[PDB]
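Residue numbers (PDB author numbering), protein chains in the order written: chain B, 1 to 351; chain H, 1 to 351; chain G, 1 to 400; chain A, 1 to 400.
Built from N, CA and C at the ideal position, the CB exists for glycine as well.
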């Protein structure tokens, strides 16, 4: 699709905000990454840029990229963005501030394209794993092993399953906003917005203050270029401060929700589950860390816990009423006993 | 009132039903009494006729009288009506299918307008009790005491705050509806309805209905003269069945809710509060039975129960955190312990 | 340290206590309790109230057996009857010639009085219970503090943390099961939930006052239609919140333990006057008056300047005060047998300063706890008397 | 006659019980206590789930009298930082020399995973108690029906009239307050919802996945954004979700006594392998097989001609019975101490006729009470291997 929820698209407009670490003396780049979410366990990561790529703010094409340079957009191709995490990602779809991308897992996320007088890249921390939700935990994107139940992302961008605060935005600097009132620096709107203000010099800065500007300060770089977008409510980033005198309502959804089904997944290479006489001999040979653990079945209790991330023949003494064997977030298996070494006389010879 | 409540009126018709103490073999009473409500704490009693008196079905006046004769209304003056309960009532107001009328409580309700050679009445049983709230418990006040906060009905017709399940002006026979399909009995709609039906002859006998007609069995008395009305709502009566074809389960209010006002209530004078040393001497002399009870305070509960309906001096041992004394269902009195009668040491509970 | 008060719980009366503090100067209390609440972690099992036989409309299948359709109100009395021959205008509304069946159905349904002036059951547990005691210190300030069991909820209400024992309301005067009728609260059983039958108050169990579902048996009895002709006989007997108002339990707004009254409540005990409230507070220096006022109150003697024989406030007595350092000195009798209206009484070295009080006899030899020094204000007076007047301002009372 | 049977409440075991009787013929049952049911009343106190610092946008007051105010979705962690003269594309928006502060605010807010597949706390009330009980018969073939144990239906459901419980799994093996996160159950106590405890379970406490009120501190500590430019550092400890599958506490679907594994549950521990449901049935005498329409078994001998044994189902042993009567014959090793493949097998007099069963043995010397009269039904047979397989089909274990 291109159009999935004009909830986000129409009612949001890009903005440019500071990147938390960029190492160009800490560049400002419109790819300022907040909310990395490798919270789908299926190879896929949702990333948030501070700019609203997707549809420009209109009806046409996920294949554009509209960030702010100035107070103005810069409506160019989607593919001029480069999300990456470890190895280069492959886009799945963009919607709003949010992109879904097939990426390697990563402790960080590292996005970047040339913009400004620099190379304008952006990086941020967020712990990602494509862990099974259970007694296993995994790294790399699926390419092996059995499927078993964990999170996975929606390819659907209409989701009202959660919503992120976007109600009354505020500033980011865009001193392209800030014109001059013929000696003193003058607040202006990006494309509409109730834009609040102050300078180092005295000015009113509580209430709506789009009709107030500072009449005592000349320097542009000591004043509050604002975007309270109250008709195109933008993502509320940490690198986008809020107003304090205004209130608008415009809480706006997130397109991509990690949902649980049969995620494309992993299963740590096949364990040998064999029952001998009241004993599960278990040759084990995993890849990703598997918590093997048990539930000795019957009147019995006897659990065992040991993370197995190393090949080990272990044993679990199966009782008459059974033992259970829980090779990670692979579903619990079960074993009864009375033996399984074969041959307890308890009959009458005649054969 | 006469303004908005066309919820009930327009989307209803009075429904002709039946009553045991009537006719030469039971008259069809369109004033068939269900749901007597003297159950409140009041003095005014709510009756439900099957008839929708009030507005005719029109806009104005709660002092007309629309019962059903035929499939048609019979919208006339309310001056032929006699509400009574177990004493002659004076009507207060009708609203919906429900009439409020000022009369004493009563085990039965007995309604009737003269019409025919017979006096065409209807009566029904329902256990009714009013009471003044609190200590003094009666079936309704004697004629004495203070008014104090219990349930009572309003003068005015609109008096919402409850809702009963309404189905429709349900299934009742109206053989004025029932034409003949050339020799077989043919049901017709009262006002627009999916009219429920069956004969000994085939059709649907569950009352799953989308305009059932059985025109296969000759007799009018061997078929089910039933009416699931499909855009109308009236009080659920036992003498007005419902089906399940296109029945509503839509709760639609009851007017004449007993609401918190100042109910006529009880209290009998002469408490005659007197205190000599840690003791309330109390000469008592009530007009009518007073439930007295007290609490000599502390962790102490000290109950008292005594109906007082004739002269008795009682006593209640006041303590170091007082006693209260509750002469009837009027609120608690209060008393400090200590000697009246002059001259002692003081300054401890020891002197 | 702590806020002494060993002086009982009442209500109405402006009763007092004196905080023994030695690090700072003591502080007077007016312990005005008139709000007391319980409020545990609880669960509303069902609103109860007497029936209303709001005769439902049955899905009469008519003859050849009638099947009673399940209506949106759980539990229903429904009984097929044959030998009828219906009339409701004209003729039969059932499909047999005169071998017609009339299936009468009646369930109990919420009364309009259930909405307002009703009863309300509760299973009363403990999870959030509060012992509420306002003290308007008067010398210092107000605090209306509470106790809390759950520890994701503050108990630092008031100035700080205030501990009552015997508690002022952290118990319930009513039982675990409680039925309610207006003013009179009856600490009386009711049958669990979803199972209730007649012969108890809680035989009707509507989950809300005006509901859609309920549990409907209040001794509602269908009987055979009269004259071998259709209709619904509903015979209805007494129920919860009709009886048990003269079959009544203990009517707690006049008989509650802990000197309280009760009504329709999310579980609260209004207007308590428990045996005593020994109040103890863990409070900073702000709740006290400072030590600079007087480190210890050194010498004093008290004698009347004409007193009362009554716990009305009118008794006076000059006190020739003296102190280690001059300043303010909150006062009150350390038994509360004289209840003192003076928040603070000034002390200068070897001066004399009258205070105000209420006593209860002509020779008021009541100790006055002059912020670390007691003194008897003895002397003969004139006796005024008036002892019908509300709960003790002489509390801990059991004297003349 | 009235066949009591208690067995471990173990999900996957058909214990194939025997009504011992001599009035009528003994008749097989299967009292299979299938699936551990527990299910009491509960209360959702708060969802937990790994955070997402979904910044509400920092309320910034840069100079003079600071304010971080209040906007919808209360509870905001907010910390001023100086040494910044910010940039975000253009110049500084905090810039005075009376402060020079840029006030960053970040709260913890529910992740998208909070909505779906999430840790979920409960303070679980005592409530109801449930069981699930199969009863088969030596006539009737299976019914595995849910049966209550509280005040609602601890009577008849399916074949016979059956009185159920109390279970030994009437409460889960886990704590009163329980967190559940997917399959994995984590037992963690807290009193009730409010403002939780950071860096432990209930460090996020949102009443539900999308909410206004919450407790927003997963150990969220804002720090200075160095280099004179502003971003918002989030220093955060793992939540009760991240802990609970890879920084896990106690995974109760692998460490809850009995043999339990769990799904998302209010407080139920599915699949437990004890939790014993004591079943007692009042069986009408009619439902039996008559003792004269069964062999009143006599001349009991068990032998084989050829045999192969199976401890799951398929264990055989021919029987040389030359019984006084002949007929149908329900069989079982008395009272769920065997698994019988059959419900009923006919056995006559004269010859040899195999029946099927399964037992906790490798060759068939399990007693079998063949519609009167037990006998250990030996036969050479052949060892099976069939014990790698799940919850028993070899009863509660009692043979080789």
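- Unbroken beta strand (DSSP E) stretches of 3 residues or longer found wholly inside the region 335-400 of chain A: 344-349, 353-357, 367-370 and 374-376, given in chain order.
- Under the three-pair Cβ rule at 8 Å, the region 126-136 of chain G does not count as touching the region 76-94 of chain G.
- The residue from B:320, B:267 and B:306 with its alpha-carbon nearest to that of residue 133 of chain B is B:267.
- In chain B, no part has a C-beta under 7 Å from the C-beta of residue 31 of chain A; the shortest such distance is about 16 Å.
- Taken atom to atom, the span from the alpha-carbon of residue 252 of chain B to that of residue 124 of chain B is near 23 Å.
- Listed along chain A, the residues sitting closer than 8 Å to residue 150 of chain G by beta-carbon distance are 191, 192 and 194.
- Leaving aside the five residues that flank residue 281 of chain A on each side, the residues in its chain whose CB is nearer than 6 Å to its CB run, in chain order, 3, 160 and 162.
- Contact annotation, residue 318 of chain A with residue 357 of chain A: C-beta distance approximately 12 Å; criterion of less than 8 Å not satisfied.
- Contact annotation: residue 301 of chain H and residue 310 of chain H have beta-carbon atoms that are not nearer than 8 Å.
- Counting every other CB atom within 10 Å of its CB across the protein chains shown gives residue 271 of chain G a total of 16 or more, marking it as buried.
- One Cα belongs to residue 139 of chain H, the other to residue 238 of chain G, and the distance between them is close to 13 Å.
- When the Cα atoms are used, residue 332 of chain B and residue 39 of chain A turn out to be separated by approximately 22 Å.
- Nearest C-alpha to residue 36 of chain H among H:95, H:65, H:108 and H:334: H:108.
- Closer than 8 Å to the CB of residue 145 of chain B there is not a single CB belonging to chain A.
- Judged by DSSP secondary structure, residue 69 of chain B falls within the beta strand (DSSP E) whose first and last residues are 64-69.
- Residue 8 of chain B sits in a helix when the DSSP states are folded into three classes.
- In the DSSP annotation of this structure, residue 252 of chain G is not part of any beta strand (DSSP E); the continuous alpha helix (DSSP H) holding it starts and ends at 252-255.
- In terms of beta-carbon proximity, residue 107 of chain H stays away from the interface with chain G, with every pair separated by 8 Å or more.
- Rounded to whole angstroms, residue 102 of chain H and residue 279 of chain H show a C-alpha spacing of 45 Å.
- Between the alpha carbons of residue 122 of chain H and residue 229 of chain G lies a distance of about 15 Å.
- A direct Cα-to-Cα measurement between residue 98 of chain B and residue 81 of chain A gives close to 29 Å.
- Put simply, of B:286, B:282, B:156 and B:238 the residue whose alpha carbon is nearest the alpha carbon of residue 46 of chain B is B:156.
- Taking 8 Å as the threshold, the shortest C-beta distance from residue 12 of chain G to chain A does not fall below it.
- As the crow flies, the alpha-carbon of residue 12 of chain B is around 7 Å from that of residue 57 of chain B.
- Going by beta carbons, residue 106 of chain A and residue 47 of chain A fall outside the 8 Å limit.
- Scanning its chain for C-beta atoms nearer than 7 Å, with the 5 sequence neighbours on each side dropped, one finds around residue 89 of chain B the residues 83, 101, 102 and 103, in chain order.
- The three-state reading of DSSP puts residue 342 of chain B in coil, since its state is none of H, G, I, E or B.
- At a cut-off of 8 Å between beta carbons, residue 366 of chain G contacts chain H.
- Look at residue 297 of chain G: its C-beta is not under 8 Å from any C-beta on chain H.
- Linking residue 288 of chain A to residue 137 of chain A through their CA atoms gives a straight-line distance of about 9 Å.
- For secondary structure counted as the beta strand (DSSP E) over 3 or more consecutive residues, the region 106-139 of chain B holds these complete runs in sequence order: 108-112 and 121-125.
- In the DSSP secondary-structure assignment, residue 262 of chain H is bridged to H:150.
- Secondary structure of residue 228 of chain G (DSSP, three-state): helix.
- Annotation: the continuous beta strand (DSSP E) that includes residue 216 of chain A extends over 214-216.
- Contact annotation: in the region 330-341 of chain A, no residue has its CB less than 9 Å from a CB in chain B.
- Taken in chain order, the members of the region 121-141 of chain A whose beta-carbon sits within less than 8 Å of a beta-carbon on chain G are 123 and 125.
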